[PDB]
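The next block holds one structure in the form of structure tokens; read it before the comments.
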Amino acid sequence: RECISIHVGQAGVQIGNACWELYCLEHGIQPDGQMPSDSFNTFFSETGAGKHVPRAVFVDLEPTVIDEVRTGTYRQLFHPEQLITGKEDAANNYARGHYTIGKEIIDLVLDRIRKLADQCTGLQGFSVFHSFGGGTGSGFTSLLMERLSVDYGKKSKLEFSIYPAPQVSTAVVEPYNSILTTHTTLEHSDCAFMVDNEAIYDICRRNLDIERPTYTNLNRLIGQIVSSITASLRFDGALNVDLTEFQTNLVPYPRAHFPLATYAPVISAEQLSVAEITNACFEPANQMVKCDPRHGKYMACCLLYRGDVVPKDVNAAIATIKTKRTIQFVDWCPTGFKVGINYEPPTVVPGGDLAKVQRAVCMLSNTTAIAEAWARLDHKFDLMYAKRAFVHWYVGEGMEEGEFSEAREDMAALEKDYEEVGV
Amino acid sequence: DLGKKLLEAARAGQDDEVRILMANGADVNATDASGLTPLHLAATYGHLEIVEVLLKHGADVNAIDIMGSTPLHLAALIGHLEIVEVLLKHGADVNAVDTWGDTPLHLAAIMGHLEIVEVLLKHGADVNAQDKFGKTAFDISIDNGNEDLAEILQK
Amino acid sequence: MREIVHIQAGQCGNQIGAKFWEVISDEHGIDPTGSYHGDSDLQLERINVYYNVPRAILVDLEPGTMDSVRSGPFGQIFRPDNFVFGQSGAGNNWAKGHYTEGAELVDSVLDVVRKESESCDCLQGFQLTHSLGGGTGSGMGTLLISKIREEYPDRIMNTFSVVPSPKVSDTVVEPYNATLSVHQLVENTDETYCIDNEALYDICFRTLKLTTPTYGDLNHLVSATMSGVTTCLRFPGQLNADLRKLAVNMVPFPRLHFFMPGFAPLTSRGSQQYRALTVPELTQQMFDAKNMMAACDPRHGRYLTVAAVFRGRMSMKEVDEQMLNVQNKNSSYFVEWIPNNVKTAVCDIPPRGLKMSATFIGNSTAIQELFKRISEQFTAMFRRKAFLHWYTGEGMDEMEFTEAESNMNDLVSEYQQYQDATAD
Amino acid sequence: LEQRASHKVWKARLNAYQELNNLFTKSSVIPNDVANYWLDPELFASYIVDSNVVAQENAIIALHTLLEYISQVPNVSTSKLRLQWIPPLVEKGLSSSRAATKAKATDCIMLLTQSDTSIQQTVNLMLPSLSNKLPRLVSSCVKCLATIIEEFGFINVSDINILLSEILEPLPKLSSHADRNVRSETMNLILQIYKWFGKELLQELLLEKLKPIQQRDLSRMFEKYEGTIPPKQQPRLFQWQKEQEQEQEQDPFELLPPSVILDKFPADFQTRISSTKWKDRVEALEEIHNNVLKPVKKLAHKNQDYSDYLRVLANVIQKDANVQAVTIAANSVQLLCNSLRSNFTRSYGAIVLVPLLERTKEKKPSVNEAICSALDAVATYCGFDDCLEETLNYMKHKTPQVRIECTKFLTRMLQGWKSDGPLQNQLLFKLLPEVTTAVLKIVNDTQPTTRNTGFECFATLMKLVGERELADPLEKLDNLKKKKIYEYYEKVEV
Ligand SMILES: Nc1nc2c(ncn2[C@@H]2O[C@H](COP(=O)(O)OP(=O)(O)OP(=O)(O)O)[C@@H](O)[C@H]2O)c(=O)[nH]1
Ligand SMILES: Nc1nc2c(ncn2[C@@H]2O[C@H](COP(=O)(O)OP(=O)(O)O)[C@@H](O)[C@H]2O)c(=O)[nH]1
Ligand SMILES: [Mg+2]
Ligand SMILES: [Mg+2]
């Protein structure tokens, strides 16, 4: 029944910390690994000495971030063989992550994954956490995804991508890296949840009331929403109980496998109703990817409630939105909203700016308006590639220039794929 | 592709494994290569329970293919009287035309399905409809020696 | 990506080089004996980058320069082995530094470079300071660069090259030497900071009101600029952290990697303005061409990429606002087809003397003005074939001058192309 | 699926026949021991008579491409094949009623006919089938006999007299046969014998014995024939004939007296070349080059040891820090190799080879000019003696420049590759093991200008050794790199 998590690049690794911090609070697991208290062993394994170890691998082509992971509060939680580091980073270059540097460590990484899969009996698949604009996040992940489709080809793989945003952007070439990994990882991913760092920035400035958010601010907010999606796998709910069901419910087209996630409520630490939070799921301000679903057709839509929730309140709030708003669906869809509930309360971090809420909801909806997000990257990409800007860096690290065009055509074809569904 | 397994099942006639594939959200109107939906295939090979399953889940009763054949065309060709009345009851096109100019009445008359001919006629079939060569359903009975059909066409 | 090996070659190379070590030794809290007397962790956080004692190699054909460094203030700290010096001097002959006399010594230098690199956890790249109008700093430096480029092709090459000007030395062979050296740098280095003596004089003379600037006066402007651009590398920070990431976000086309540096506020040798500048004032020293270390007008060209480094305690909110402001209020001066091409970073530790400061590294196409000046002086000299027997005697071919002339003109044309480019 | 070719189920044999047909088109041409459908020809003799008409036809088209994959030397074992194969081919392939089953059987016999030296051994085997029950077999096998002649003809036939009698003997009975087709298709065979030596011969031997109406139609057929009594040129040649034609389609000034230069050397030479002052070394080399080497045009082959002088040219080309002293030295080395051809066997060639390859690192155009031109000299006079192995070694070297230049070197040499012998040269002994594994390291380099040299150095390789033999590592390569390799393949010659 088990599931393995992988974290690539600083983004993956540092969001991983926020998620496994939040997983251990939700499961009452201690920083040293003990537990004074199954469905949760989908994510954790067990030592003979009563210690609960995550089924996770941490990867970065550079020690600094994982060194802090290896000496952080949760240093005892992970086995040292799970934390893998190189020396030379990818330097915001997809080519180095995928071709030049990534090939030097890919075999060691795949080997340490086999050690966790050998401990498992009925392995389900893989969760993958990585940035778009990062060199490691883009290049190495796309490589690792290719190789996991070989050594474990007959099982699922899910992405957690960090969509770039100029407000926290570290590189000019982040459009390049995003397009390049999304091209080569498209065929090897069954489902992929994008996270626009701008929306997370906007949300933290408005609803968390922070002037200039830090990465901890964004990661904590993100970790809450990741927990909402993986809650079904860790507590044995009714909906989305295994990795296949994510494809079943949300993916009616292998290529178009990019759901929009909306999370309410985000309450500052300085209660709402079931109906009020469900209306906020159709408010663009609380989306994780900045677009307008009103300009698009829904292919699917799931609601994952958790907390003090009465099943009848849900059905009322559903009928309200299905009658008092005009949510356009495609004609070849069931058009019925799937629902699942988990009565455990949303855990926050002690000290966090996010407050404990009585109930919460996370709406996963594969709307065609998310094509707007791809259009923004494609445009930025076109401006630089029209002059072949920064292209020599990529071509100089083992990459053919044609791969740029082959990726761009695959992105243009995906934009047409989103258009034809919604007309 | 889940839309391709639903065509494999609806054709070969595994009634049970349609419900399995459809419970996984398979495309009810998934086109193969020549534009044939599963409703086309089930209406060709006589799988009545699979036709009624797809129709009530939302199957285009008047879907055409690359050659303009509706499922009512194919049902009236092979001679599946049980399916013909199911399609017509689900709003089938009684006077649909295909690329060769034939209506379902042409096909049921050529193949000698006298019991299906009378059903189509009573659902308002065009007895004077012509094909490419310019022949009606009545001309086919004259040309083919069928006097059992000539009388059933003027009723 | 940790350690950086430093090199200084030629008279000017060791002059501004030692000045640089004086500045950042203080900033990191190291005394001339080589002992930490600081009072902060941000000082020793990334001391492993430039120190072990500096990771610096001193080179010159002129043996006198040996003593001019050791008899300097921080001259005691450099490793004795890392001094590599020839018997005679190059005498403003680029060929003597690159082919004959400078070539005989370059092996001894590479032996020490190897030694310092051997004991590095993870090398980043290299760092050379030198003048382009000389014979040793230009000829042997560019020869050293290529020789390292081929022995360490997996590393970054970053140079601090100073441009000759008639206002600082009336030697007429400098256009030759600088042109030949630019023909090398465009092919051999990842990034190059263009320090123009023309602009250093014009700043000390007109802005600082010094009637006769000395080398020390010009070297003060340089050493402060170097600590500013290397602030990201020497202290903890998210943006433009290592050499490769910097060049990745600064150089869109491999040949066009010549940065026009500039910083603020402009101070004299040990004068204090008594009034600390504001954030919007610092920001308005960017387009202010009187703060550019290269003698070019940014108004006459377009910025491809820009890196800003604000040092001191100040509002990160206000810096973001002012930078976002000045970009769009001059939107016709920043290239449109490179989005988010300006990147800002802050460091809390200011430079010594100043409460606040701001350095402005820019890849501006206006830099073509600088290369125009060198080429016109080169061509006037070359069309009358003056002093050619110097270079040809040392094994050089007359053809080389034409190639370097043509290669620099292609470099000028390239800058003009992207200046007139449109996104449409 | 190797043994599945004789499986009980028909659709399982049908695969193995397609598997084989794909093998004989995709196999190595020199040939795998797996291609053992020559030494046991009973195998395909069984396959051609398959108990299923559909799997039969697929066995014949596999035999067809097998029987043209054999177009490579050495396959002198075509005698055994015609004995084993054409009787099944005639008996049940020509016999067949299937359109395509017949057409490929005839085409098969074509290829077996031109494997032979002449037509007699094939004709002699397919003659008995004229006396078979089934008319459509004798109807067809008289048409096939008639078109092994009109396209080949009687040449290199030991005893034509015995052969003409053996094929003229049944012609009376065939021309009086019941079947219309057997008769109609017998007049064609008569014409094709007339078309090669008639009318006089067969009017006395044969035409006399046919129906009068028949010999009229044959005369009417001879008028419509235009062209000389024996055809000037055959519409098809045999294997030994076409190769001879291709080989048909496809004084040295060196006699001058030899000059001696040892006496030319000066006393102040050894210390000058081994001096610390650069200009001493330069002038030393520059003098013996401009004064002593450049004038001459042929050096002394007999009893002159230059391996003392050449090992000091190597010492400078490798280790000397003066790039100018290197340039003038490699030009000296070239002069020795140029004016003294056939001398650099091993000791001389090997004394300067590995130093020269080290110094390709130099990027100054004039210097790369001289070093490479010298490496071209030793290559043109040491063929592939020590260079082939050591050029590869330095393609694996760490310096980027030595990779692109030593790979360009293999490219230069490969264009002038014309070693003697049909096959089994030093290139093939180490082709896949070493050459290709090393060229791929260049093709997959981090740098584009490096990769782009490999793309030529792989397209110049395919040109030499067949774009089909190397299709295995072609597949493992990117589709994107493939179209760059092909770009050069179209524009590259030898
Ligand atoms: N939300 C969020 N975004 C992050 C985090 N860390 C990095 N990013 C974003 O990810 C993008 C690329 O940065 P990184 O992921 O750190 O790059 P990397 O994967 O480590 O690759 P290299 O550092 O070049 O080896 C940047 O635009 C950052 O804004 C994080 O912890 N949380
Ligand atoms: N800014 C600055 N420029 C210098 C200094 N010394 C020399 N130069 C310039 O560099 C050029 C002379 O080259 P130099 O370095 O002295 O010759 P080298 O010893 O062979 O490298 C002239 O254009 C000088 O103006 C210095 O200390 N500071
Ligand atoms: Mg990182
Ligand atoms: Mg000097």
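Chain labels A, B, ... are given in the sequence in which chains occur in the structure tokens; within each chain residues are numbered consecutively from 1, and ligands are likewise numbered from 1 in the order shown.
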
List as JSON, numbers by chain the protein and nucleic acid residues near residue 59 of chain C, meaning an atom at most 10 Å away when only C-alpha atoms are counted, but skip any in the same chain fewer than 4 places from it. {"C": [7, 8, 9, 10, 11, 13, 14, 63, 65, 66, 82, 83, 84, 85, 86, 105, 106, 108, 109, 136, 137, 140, 141]}

Let me see if you get this right: every residue at most 8 Å from ligand 1, counting only C-alpha atoms and all ligand atoms, written as number ranges by chain. A: 8-15, 60-62, 88-93, 97, 130-138, 162-171, 174, 195, 197, 200, 215-216, 218-219, 222; C: 245

Can you work out which residues are within 6 Å of ligand 2, considering only C-alpha atoms and all ligand atoms, and then hand them over as a PDB file with N, CA, C and O atoms, in the first residue's frame?
```pdb
ATOM      1  N   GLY C  10      51.155  41.866 -13.589  1.00  0.00           N
ATOM      2  CA  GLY C  10      51.560  43.183 -14.030  1.00  0.00           C
ATOM      3  C   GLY C  10      51.556  44.195 -12.901  1.00  0.00           C
ATOM      4  O   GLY C  10      51.119  43.931 -11.780  1.00  0.00           O
ATOM      5  N   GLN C  11      52.077  45.386 -13.209  1.00  0.00           N
ATOM      6  CA  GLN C  11      52.130  46.450 -12.211  1.00  0.00           C
ATOM      7  C   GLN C  11      50.736  46.785 -11.696  1.00  0.00           C
ATOM      8  O   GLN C  11      50.441  46.614 -10.509  1.00  0.00           O
ATOM      9  N   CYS C  12      49.861  47.260 -12.588  1.00  0.00           N
ATOM     10  CA  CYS C  12      48.494  47.582 -12.195  1.00  0.00           C
ATOM     11  C   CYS C  12      47.800  46.393 -11.541  1.00  0.00           C
ATOM     12  O   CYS C  12      47.091  46.557 -10.541  1.00  0.00           O
ATOM     13  N   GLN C  15      48.727  46.265  -8.078  1.00  0.00           N
ATOM     14  CA  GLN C  15      48.345  47.483  -7.365  1.00  0.00           C
ATOM     15  C   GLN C  15      46.889  47.420  -6.917  1.00  0.00           C
ATOM     16  O   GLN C  15      46.596  47.413  -5.715  1.00  0.00           O
ATOM     17  N   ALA C  90      58.385  43.489 -19.387  1.00  0.00           N
ATOM     18  CA  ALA C  90      57.837  43.368 -20.734  1.00  0.00           C
ATOM     19  C   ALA C  90      57.948  44.665 -21.522  1.00  0.00           C
ATOM     20  O   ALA C  90      58.062  44.627 -22.752  1.00  0.00           O
ATOM     21  N   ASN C  92      55.703  47.334 -22.088  1.00  0.00           N
ATOM     22  CA  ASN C  92      54.539  47.705 -22.894  1.00  0.00           C
ATOM     23  C   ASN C  92      54.441  46.925 -24.204  1.00  0.00           C
ATOM     24  O   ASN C  92      53.767  47.369 -25.140  1.00  0.00           O
ATOM     25  N   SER C 131      46.001  45.240 -16.108  1.00  0.00           N
ATOM     26  CA  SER C 131      45.789  46.326 -17.054  1.00  0.00           C
ATOM     27  C   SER C 131      45.954  45.819 -18.482  1.00  0.00           C
ATOM     28  O   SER C 131      46.688  44.863 -18.741  1.00  0.00           O
ATOM     29  N   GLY C 133      46.665  47.998 -21.287  1.00  0.00           N
ATOM     30  CA  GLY C 133      47.638  48.740 -22.067  1.00  0.00           C
ATOM     31  C   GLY C 133      49.081  48.363 -21.821  1.00  0.00           C
ATOM     32  O   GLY C 133      49.960  48.805 -22.568  1.00  0.00           O
ATOM     33  N   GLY C 134      49.345  47.560 -20.795  1.00  0.00           N
ATOM     34  CA  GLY C 134      50.687  47.123 -20.480  1.00  0.00           C
ATOM     35  C   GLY C 134      51.143  45.986 -21.375  1.00  0.00           C
ATOM     36  O   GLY C 134      50.488  45.606 -22.346  1.00  0.00           O
ATOM     37  N   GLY C 135      52.304  45.439 -21.030  1.00  0.00           N
ATOM     38  CA  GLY C 135      52.817  44.272 -21.720  1.00  0.00           C
ATOM     39  C   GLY C 135      52.645  42.993 -20.928  1.00  0.00           C
ATOM     40  O   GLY C 135      52.336  41.940 -21.493  1.00  0.00           O
ATOM     41  N   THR C 136      52.841  43.077 -19.609  1.00  0.00           N
ATOM     42  CA  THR C 136      52.747  41.897 -18.756  1.00  0.00           C
ATOM     43  C   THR C 136      51.306  41.600 -18.365  1.00  0.00           C
ATOM     44  O   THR C 136      50.823  40.477 -18.553  1.00  0.00           O
ATOM     45  N   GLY C 137      50.611  42.592 -17.804  1.00  0.00           N
ATOM     46  CA  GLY C 137      49.239  42.373 -17.374  1.00  0.00           C
ATOM     47  C   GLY C 137      48.328  41.940 -18.505  1.00  0.00           C
ATOM     48  O   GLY C 137      47.422  41.126 -18.311  1.00  0.00           O
ATOM     49  N   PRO C 164      43.195  51.390 -20.890  1.00  0.00           N
ATOM     50  CA  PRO C 164      44.055  52.575 -20.970  1.00  0.00           C
ATOM     51  C   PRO C 164      43.337  53.777 -21.564  1.00  0.00           C
ATOM     52  O   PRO C 164      42.395  53.652 -22.350  1.00  0.00           O
ATOM     53  N   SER C 165      43.804  54.962 -21.169  1.00  0.00           N
ATOM     54  CA  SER C 165      43.293  56.227 -21.672  1.00  0.00           C
ATOM     55  C   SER C 165      44.445  57.213 -21.806  1.00  0.00           C
ATOM     56  O   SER C 165      45.365  57.206 -20.973  1.00  0.00           O
ATOM     57  N   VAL C 168      45.755  59.197 -18.722  1.00  0.00           N
ATOM     58  CA  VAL C 168      46.476  58.599 -17.603  1.00  0.00           C
ATOM     59  C   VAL C 168      47.867  58.145 -18.039  1.00  0.00           C
ATOM     60  O   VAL C 168      48.798  58.113 -17.225  1.00  0.00           O
ATOM     61  N   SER C 169      48.035  57.817 -19.319  1.00  0.00           N
ATOM     62  CA  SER C 169      49.362  57.521 -19.848  1.00  0.00           C
ATOM     63  C   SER C 169      49.363  57.789 -21.344  1.00  0.00           C
ATOM     64  O   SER C 169      48.510  57.269 -22.069  1.00  0.00           O
ATOM     65  N   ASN C 197      40.109  53.738 -17.187  1.00  0.00           N
ATOM     66  CA  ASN C 197      40.902  54.820 -16.609  1.00  0.00           C
ATOM     67  C   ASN C 197      40.411  56.184 -17.078  1.00  0.00           C
ATOM     68  O   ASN C 197      40.508  57.166 -16.334  1.00  0.00           O
ATOM     69  N   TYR C 215      47.534  57.525  -9.158  1.00  0.00           N
ATOM     70  CA  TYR C 215      47.103  56.133  -9.239  1.00  0.00           C
ATOM     71  C   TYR C 215      46.322  55.729  -7.993  1.00  0.00           C
ATOM     72  O   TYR C 215      45.253  55.114  -8.088  1.00  0.00           O
ATOM     73  N   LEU C 218      42.772  56.841  -8.235  1.00  0.00           N
ATOM     74  CA  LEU C 218      41.991  55.976  -9.112  1.00  0.00           C
ATOM     75  C   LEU C 218      41.827  54.585  -8.514  1.00  0.00           C
ATOM     76  O   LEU C 218      40.771  53.959  -8.663  1.00  0.00           O
ATOM     77  N   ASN C 219      42.864  54.083  -7.835  1.00  0.00           N
ATOM     78  CA  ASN C 219      42.793  52.755  -7.234  1.00  0.00           C
ATOM     79  C   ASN C 219      41.803  52.706  -6.076  1.00  0.00           C
ATOM     80  O   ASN C 219      41.260  51.636  -5.774  1.00  0.00           O
TER      81      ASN C 219
END
```

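Proximity ranking of B:143, B:118, B:102, B:32 relative to residue 130 of chain B places B:102 first, based on only C-alpha atoms.
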
What's the 10 Å shell around residue 241 of chain D, counting only C-alpha atoms, without same-chain residues fewer than 6 positions away, as a list in words?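 In the requested format, the answer is residues 114, 117 and 247 of chain D.
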
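Of the listed residues B:60, B:116, B:70, B:111, the one whose atoms come nearest to residue 85 of chain B is B:116, with distances taken using only C-alpha atoms.
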
From the DSSP assignment of the backbone, select every residue of segment 109-266 of chain A that is strand (DSSP E or B), and format the answer as a PyMOL selection string. chain A and resi 125-131+156-163+191-196+260-264

Export of the given selection (C-alpha atoms) as a PDB file, in the first residue's frame:
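Result file follows (selection.pdb):
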```pdb
ATOM      1  CA  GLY A 125       4.204   4.819  -6.794  1.00  0.00           C
ATOM      2  CA  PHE A 126       6.148   8.020  -6.253  1.00  0.00           C
ATOM      3  CA  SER A 127       5.538  11.590  -5.122  1.00  0.00           C
ATOM      4  CA  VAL A 128       8.026  14.086  -6.575  1.00  0.00           C
ATOM      5  CA  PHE A 129       8.728  17.607  -5.285  1.00  0.00           C
ATOM      6  CA  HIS A 130      10.762  20.085  -7.332  1.00  0.00           C
ATOM      7  CA  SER A 131      10.915  23.625  -8.698  1.00  0.00           C
ATOM      8  CA  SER A 156       2.084   5.756 -10.675  1.00  0.00           C
ATOM      9  CA  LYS A 157       4.132   8.954 -10.329  1.00  0.00           C
ATOM     10  CA  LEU A 158       2.797  12.312  -9.094  1.00  0.00           C
ATOM     11  CA  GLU A 159       4.420  15.752  -9.372  1.00  0.00           C
ATOM     12  CA  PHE A 160       4.436  18.792  -7.068  1.00  0.00           C
ATOM     13  CA  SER A 161       5.876  21.591  -9.208  1.00  0.00           C
ATOM     14  CA  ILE A 162       6.693  25.143  -8.094  1.00  0.00           C
ATOM     15  CA  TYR A 163       5.601  27.510 -10.860  1.00  0.00           C
ATOM     16  CA  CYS A 191      -0.729  13.830 -12.570  1.00  0.00           C
ATOM     17  CA  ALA A 192       0.962  17.078 -11.574  1.00  0.00           C
ATOM     18  CA  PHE A 193      -0.089  19.825  -9.144  1.00  0.00           C
ATOM     19  CA  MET A 194       1.384  23.216 -10.053  1.00  0.00           C
ATOM     20  CA  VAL A 195       2.055  25.846  -7.374  1.00  0.00           C
ATOM     21  CA  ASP A 196       2.334  29.429  -8.637  1.00  0.00           C
ATOM     22  CA  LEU A 260      -5.996  23.545 -10.253  1.00  0.00           C
ATOM     23  CA  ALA A 261      -5.980  23.385  -6.445  1.00  0.00           C
ATOM     24  CA  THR A 262      -7.961  25.888  -4.359  1.00  0.00           C
ATOM     25  CA  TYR A 263      -7.701  25.967  -0.563  1.00  0.00           C
ATOM     26  CA  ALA A 264      -9.885  27.704   2.030  1.00  0.00           C
TER      27      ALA A 264
END
```

Could you give me, as a PyMOL selection string, the residues within 7 Å of residue 56 of chain A, counting only C-alpha atoms and dropping anything in the same chain fewer than 2 positions from it? chain A and resi 4-6+54+58+82

Residues just named, written with N, CA and C atoms as a compact mmCIF listing (two decimals), in the first residue's frame:
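As a result, selection30.txt now contains:
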```
# COMPACT_ATOMS: atom_id res chain seq x y z
N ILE A 4 6.33 6.28 -1.92
CA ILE A 4 7.66 6.85 -1.71
C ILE A 4 7.65 8.30 -2.17
N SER A 5 8.18 9.19 -1.34
CA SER A 5 8.32 10.60 -1.67
C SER A 5 9.76 10.92 -2.05
N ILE A 6 9.93 11.82 -3.02
CA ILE A 6 11.24 12.25 -3.48
C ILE A 6 11.26 13.77 -3.55
N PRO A 54 10.36 7.86 7.76
CA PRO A 54 9.68 8.20 6.51
C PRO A 54 10.19 7.39 5.34
N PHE A 58 15.86 12.47 -0.21
CA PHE A 58 16.20 13.88 -0.40
C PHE A 58 17.40 13.97 -1.33
N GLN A 82 19.40 8.20 3.25
CA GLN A 82 18.30 8.78 2.48
C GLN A 82 18.63 10.17 1.97
```

Non-local contacts of segment 414-431 of chain D (8 Å; only C-alpha atoms; under 2 positions in same chain excluded) as a ChimeraX atom specification: /D:30,384,410-412,433-436,460-461,464,493-494

Using only C-alpha atoms for the distances, tell me which of A:17, A:230, A:315, A:405 is nearest to chain D.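 Closest to chain D, using only C-alpha atoms: A:405.
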
Point out the residue among D:237, D:351, D:221, D:138 with the least atom-to-atom distance to residue 150 of chain D, counting only C-alpha atoms. D:237

Selected residue, from D:135, D:257, D:400, D:252, that lies nearest to chain C when counting only C-alpha atoms: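 Of the candidates, the smallest distance to chain C is held by D:400.
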
12 Å contact set for residue 357 of chain A, only C-alpha atoms, chain neighbours under 4 positions out, as a list in words: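 In the requested format, the answer is residues 224, 264, 265, 266, 267, 268, 269, 271, 272, 273, 274, 277, 306, 307, 308, 309, 344, 345, 346, 347, 348 and 361 of chain A.
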
Using only C-alpha atoms, select each residue of chain C with any atom at most 8 Å away from an atom of chain A, and give the selection as a list in words.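 Here is what falls inside 8 Å: residues 1, 122, 238, 239, 240, 244, 245, 248, 249, 251, 252, 253, 254, 317, 337, 338, 339, 340, 341 and 423 of chain C.
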
Selection from above, N, CA, C and O atoms, as a compact mmCIF listing (two decimals), in the first residue's frame, can you write it?
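Output contents, as saved in part.txt:
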```
# COMPACT_ATOMS: atom_id res chain seq x y z
N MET C 1 30.54 24.52 -5.22
CA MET C 1 30.93 25.87 -5.59
C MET C 1 31.33 26.68 -4.35
O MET C 1 30.51 27.40 -3.78
N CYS C 122 35.85 22.37 -3.18
CA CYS C 122 35.13 22.46 -4.46
C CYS C 122 35.41 23.82 -5.07
O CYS C 122 34.89 24.84 -4.59
N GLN C 238 20.88 34.92 -1.04
CA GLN C 238 20.14 34.05 -1.95
C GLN C 238 20.53 34.27 -3.40
O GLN C 238 20.75 33.31 -4.15
N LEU C 239 20.64 35.53 -3.82
CA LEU C 239 20.68 35.89 -5.23
C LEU C 239 22.12 36.17 -5.68
O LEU C 239 22.90 36.79 -4.95
N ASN C 240 22.44 35.72 -6.89
CA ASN C 240 23.78 35.84 -7.47
C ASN C 240 24.85 35.32 -6.50
O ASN C 240 25.84 35.99 -6.21
N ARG C 244 29.08 31.04 -11.26
CA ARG C 244 28.36 30.51 -12.42
C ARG C 244 26.94 31.06 -12.49
O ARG C 244 26.47 31.46 -13.56
N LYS C 245 26.23 31.09 -11.36
CA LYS C 245 24.86 31.61 -11.35
C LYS C 245 24.83 33.08 -11.77
O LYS C 245 23.93 33.50 -12.49
N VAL C 248 25.30 33.25 -15.43
CA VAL C 248 24.11 32.70 -16.07
C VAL C 248 23.03 33.77 -16.21
O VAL C 248 22.35 33.87 -17.24
N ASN C 249 22.88 34.61 -15.18
CA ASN C 249 21.85 35.64 -15.17
C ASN C 249 22.34 36.98 -15.70
O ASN C 249 21.59 37.96 -15.67
N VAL C 251 24.86 37.10 -18.71
CA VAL C 251 25.44 36.99 -20.03
C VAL C 251 24.48 36.20 -20.92
O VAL C 251 24.42 34.98 -20.85
N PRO C 252 23.71 36.89 -21.77
CA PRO C 252 22.80 36.16 -22.67
C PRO C 252 23.46 35.64 -23.93
O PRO C 252 22.96 34.67 -24.52
N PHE C 253 24.58 36.23 -24.35
CA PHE C 253 25.30 35.82 -25.55
C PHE C 253 26.77 35.73 -25.19
O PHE C 253 27.33 36.68 -24.60
N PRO C 254 27.44 34.62 -25.51
CA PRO C 254 28.75 34.34 -24.90
C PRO C 254 29.78 35.45 -25.09
O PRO C 254 30.55 35.74 -24.16
N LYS C 317 11.75 46.73 1.55
CA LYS C 317 10.51 47.16 0.90
C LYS C 317 10.74 48.37 0.01
O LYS C 317 10.23 48.44 -1.11
N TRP C 337 12.83 42.24 -24.63
CA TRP C 337 12.75 40.80 -24.90
C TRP C 337 13.44 39.94 -23.85
O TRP C 337 13.48 38.72 -24.01
N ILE C 338 13.98 40.53 -22.79
CA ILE C 338 14.48 39.79 -21.64
C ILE C 338 13.69 40.23 -20.41
O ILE C 338 13.99 41.25 -19.79
N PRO C 339 12.67 39.47 -20.01
CA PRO C 339 11.84 39.88 -18.88
C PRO C 339 12.51 39.60 -17.54
O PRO C 339 13.23 38.61 -17.37
N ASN C 340 12.26 40.50 -16.59
CA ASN C 340 12.87 40.45 -15.26
C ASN C 340 14.40 40.40 -15.37
O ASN C 340 15.07 39.60 -14.70
N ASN C 341 14.95 41.27 -16.21
CA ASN C 341 16.39 41.27 -16.45
C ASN C 341 17.17 42.00 -15.37
O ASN C 341 18.39 41.81 -15.28
N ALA C 423 11.17 43.71 -30.00
CA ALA C 423 10.36 42.54 -29.66
C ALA C 423 9.19 42.38 -30.62
O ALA C 423 8.88 41.26 -31.05
```

Output the contact residues of chain C with respect to chain D at a cut-off of 12 Å, based on only C-alpha atoms, as a PyMOL selection string. chain C and resi 95-108+143+146-154+184+187-188+392-397+399-400+403

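All of the residues in chain B within 10 Å of chain A are residues 1, 2, 3, 23, 24, 25, 26, 27, 28, 29, 30, 57, 58 and 59 of chain B, where only C-alpha atoms were counted.
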